[PDB]
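Q: Please find the sequence and an experimentally derived structure below.
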Amino acid sequence: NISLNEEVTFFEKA
Amino acid sequence: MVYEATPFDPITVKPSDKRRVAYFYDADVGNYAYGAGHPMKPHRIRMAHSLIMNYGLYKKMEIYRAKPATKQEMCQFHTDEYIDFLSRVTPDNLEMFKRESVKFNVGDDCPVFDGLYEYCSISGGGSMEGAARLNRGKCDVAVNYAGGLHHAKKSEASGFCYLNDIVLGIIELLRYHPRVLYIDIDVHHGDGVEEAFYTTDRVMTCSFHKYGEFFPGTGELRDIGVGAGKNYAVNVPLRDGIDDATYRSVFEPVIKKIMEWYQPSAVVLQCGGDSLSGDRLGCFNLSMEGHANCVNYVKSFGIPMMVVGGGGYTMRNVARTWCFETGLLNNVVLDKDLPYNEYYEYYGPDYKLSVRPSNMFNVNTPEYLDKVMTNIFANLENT
Amino acid sequence: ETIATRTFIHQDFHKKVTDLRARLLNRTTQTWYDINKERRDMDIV
Amino acid sequence: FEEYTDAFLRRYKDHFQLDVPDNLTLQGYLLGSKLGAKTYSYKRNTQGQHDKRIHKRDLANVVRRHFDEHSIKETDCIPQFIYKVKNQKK
Amino acid sequence: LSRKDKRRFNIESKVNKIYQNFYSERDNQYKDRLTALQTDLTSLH
Ligand SMILES: [Zn+2]
């Protein structure tokens, strides 16, 4: 679940 | 005493036995020039292939084209930086690559020429596809004359050999075989493959080279291996002008002993053309029939074998012996006439399928041969 | 030379088609058995 | 989108079930000369054959048009993309 | 940031929904895949 947090932060940063 | 000179028997092949051979030729292999004054000449593969086309051998043999080896496949041996620099380098931008060239031992004795990566990939792909077809069991012999450049180290290109496709071929054979025997005939010592497979048991890097003042500077009787590869590095150093009869008397006992003790499943037989009379740098005096008797003896056993090319600093003699060996691989003897081809005017003033020995001081005394055979047998009984 | 290289091309094409058909059949088999492995190893948990 | 490969376009056509014939390979495109028209492939891939092929440029244009036309919604695809990324090992 | 994190919960819930759907329809999905591979094999034959 935590791995999804950084992935979504990556997407919003993109 | 182990060595015993015997008269040279005539060539004889079993007619009952049938052998499948898959000759490999990339038409673009013979189009890269090392330089104006460089002994290396890739044209010999093309001339030999033209000879095999003209002799009518295509009606009894299989021939294909091997896909070029990918960079990752080619990196199965060499370091990433080495292959990266070899790809990135061009004869026109070495000013910015001077330090890399100095580190990688390239430029002075081995220079950079356009199409270098294409040649290296062609040779590697030929070797890898030959090994892959050997594993699949469709063809008993996988002839790849393009490659055989066994002087390439892991991170250095010494002895005019930039990539060592023999290592990759042996690797892809080892993926499905426990023990493969490697035989060398090139005058120079096979430094690259030897260094690669010096600490392993799964290979038998047998060699037949010459010891003296040379560039390799290796191949002593002392070197036998480290770790599990101890006594698994057979070297037979020789001297100037070894003739046909004594070369056969040295080769046949040793190979018979290796096949009786080591018992390999496949053979990676090097067939370097620089071990012949009239060579540019090779000091031997072996004739073409002597160069092919070894191959015929290896073939007579009846096991899968991967024949590769390699050295050879002359063109006509190398092409003649290669086509003769290819014919002998089919249990067919080639006549002495060299049928007309585009490159017919190359083949000397004799215009016959034969390379004739010269008069050189046969420094190979029988005592040296007996001593080296005794040492080889002593270090071989441990297997 | 023309006859030789024509036969050479035909042999190369036949080898290539045989190799590719074998590759496709092997890939189908590999995917089938990978699927069977995944189904067996998904019920254990 | 002609800079792509043949495999990508063929798989795109298969997945979206487009009714466009498979593109002719570059070598297949150069095959079609005056004497090249006498070969088996060209004589069997030009007229009256349902297996007819067409150039890569037109198929690339068709795929580009269909790809730009096909709208997307982040909620439907981003989780699917994440699942596919975390599933490729299996 | 509640608004920024809203998309995060939505993405996590959608991924979990995909996983639950897969875990529910394992049997039919893998039966379909096995039948597809078998028919591909018999067609390639
Ligand atoms: Zn040599």
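A: Yes, it's here. Numbers count the residues shown, from 1 in each chain, chains lettered A, B, ... in the order given.

Q: surely residue B:326 meets residue B:63?
A: No. The criterion here is C-beta atoms under 8 Å, and residue B:326 misses it with residue B:63 at 9.9 Å. (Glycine included, C-beta is placed from N, CA and C.)

Q: Chain A versus residue D:16, what's the distance?
A: Residue D:16 is 25 Å from chain A, where distance means C-beta to the nearest C-beta, to the nearest Å.

Q: For that residue, which non-adjacent residue is spatially closest?
A: Leaving aside its sequence neighbours, residue D:16 sits nearest to residue D:66 (C-beta to C-beta, 6 or more residues apart in numbering or on different chains; 6.7 Å).

Q: measure the one you found to residue B:286 for me?
A: Using C-beta to C-beta, to the nearest Å, we find residue D:66 at a distance of 67 Å from residue B:286.

Q: Would you mind telling me which of those two has more residues around it?
A: residue B:286 (27 against 14; other C-beta atoms under 10 Å in any protein chain shown).

Q: Look up how far residue B:288 lies from residue B:275.
A: According to C-beta to C-beta, residue B:275 stands 11 Å off from residue B:288.

Q: more crowded one of the two?
A: Set side by side, residue B:275 and residue B:288 show more neighbours around residue B:275, with 32 against 24, by other C-beta under 10 Å.

Q: residue contacts, that one?
A: By C-beta atoms under 8 Å, 6 or more residues apart in numbering or on different chains, the contact set of residue B:275 is B:185-187, B:282, B:284, B:286, B:291.

Q: Give me the subset of the residues you listed that lies in helices.
A: residue B:291 (DSSP state H).

Q: For the ion, tell me which of the contacts of residue B:275 show up nearby.
A: When contact is defined as C-beta under 5 Å from the ion, these meet the ion at residue B:186.

Q: Cross-check the contacts of residue B:275 against chain C and keep the overlap.
A: With C-beta under 8 Å from any C-beta of the partner chain as the criterion, the contacts of residue B:275 include none near chain C.

Q: Just the element for the residue in chain C that chain A sits nearest to, please.
A: Using C-beta to the nearest C-beta, the single residue of chain C nearest to chain A is residue C:45, 18.0 Å away. Using DSSP states H and E, residue C:45 falls within no helix or strand.

Q: what's the burial count for it?
A: 4.

Q: any idea how far it is from chain E?
A: 10 Å.

Q: quick one: contacts for that residue?
A: Residue C:45 neighbours (C-beta under 8 Å, 6+ apart): none.

Q: what's the answer for residue B:211, then?
A: B:189, B:219-220, B:237-239.

Q: Type out the PyMOL command that picks the buried ones from those.
A: The buried subset of those, as determined by 16 or more other C-beta atoms under 10 Å in any protein chain shown, is captured in PyMOL by this line:
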select buried, chain B and resi 189+219+237+238+239
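
Q: and residue 4, backbone torsions?
A: Here I'm looking at chain A. phi -70, psi -30 (degrees, to the nearest 10).

Q: Could you check how far the closest residue to it other than its chain neighbours is from residue D:14?
A: Spatially, and ignoring its direct neighbours in sequence, residue A:4 is nearest to residue E:12 (5.1 Å; C-beta to C-beta, 6+ apart). Residue E:12 sits 32 Å away from residue D:14, going by C-beta to C-beta.

Q: So which of those two has more stuff around it?
A: residue E:12 (17 against 10).

Q: what's that one in contact with, if anything?
A: A:1, A:4, A:8.

Q: Alpha carbons of the helix or strand hosting it, as PDB, please.
A: Here residue E:12 sits within helix E:2-24, counting by DSSP H and E. These are the backbone C-alpha positions of helix E:2-24, laid out as PDB (Å, rounded to 0.1, in the frame of the first residue of the first chain):
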ATOM      1  CA  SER E   2      -7.300  16.400   1.500                       C
ATOM      2  CA  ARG E   3      -7.900  17.300  -2.100                       C
ATOM      3  CA  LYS E   4      -4.500  16.100  -3.300                       C
ATOM      4  CA  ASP E   5      -4.800  12.900  -1.300                       C
ATOM      5  CA  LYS E   6      -8.300  12.200  -2.600                       C
ATOM      6  CA  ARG E   7      -6.900  11.000  -5.900                       C
ATOM      7  CA  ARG E   8      -4.500   8.800  -3.900                       C
ATOM      8  CA  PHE E   9      -7.300   7.000  -2.100                       C
ATOM      9  CA  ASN E  10      -9.200   6.700  -5.400                       C
ATOM     10  CA  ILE E  11      -6.100   5.100  -7.200                       C
ATOM     11  CA  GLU E  12      -5.500   2.800  -4.300                       C
ATOM     12  CA  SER E  13      -9.100   1.700  -4.100                       C
ATOM     13  CA  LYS E  14      -9.200   1.100  -7.900                       C
ATOM     14  CA  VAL E  15      -6.100  -1.000  -7.800                       C
ATOM     15  CA  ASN E  16      -7.500  -3.000  -4.900                       C
ATOM     16  CA  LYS E  17     -10.700  -3.400  -6.900                       C
ATOM     17  CA  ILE E  18      -8.800  -4.800  -9.800                       C
ATOM     18  CA  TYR E  19      -7.000  -7.300  -7.500                       C
ATOM     19  CA  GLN E  20     -10.300  -8.400  -5.900                       C
ATOM     20  CA  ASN E  21     -11.900  -8.800  -9.300                       C
ATOM     21  CA  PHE E  22      -9.000 -11.000 -10.400                       C
ATOM     22  CA  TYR E  23      -9.100 -13.000  -7.200                       C
ATOM     23  CA  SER E  24     -12.800 -13.500  -7.700                       C
END
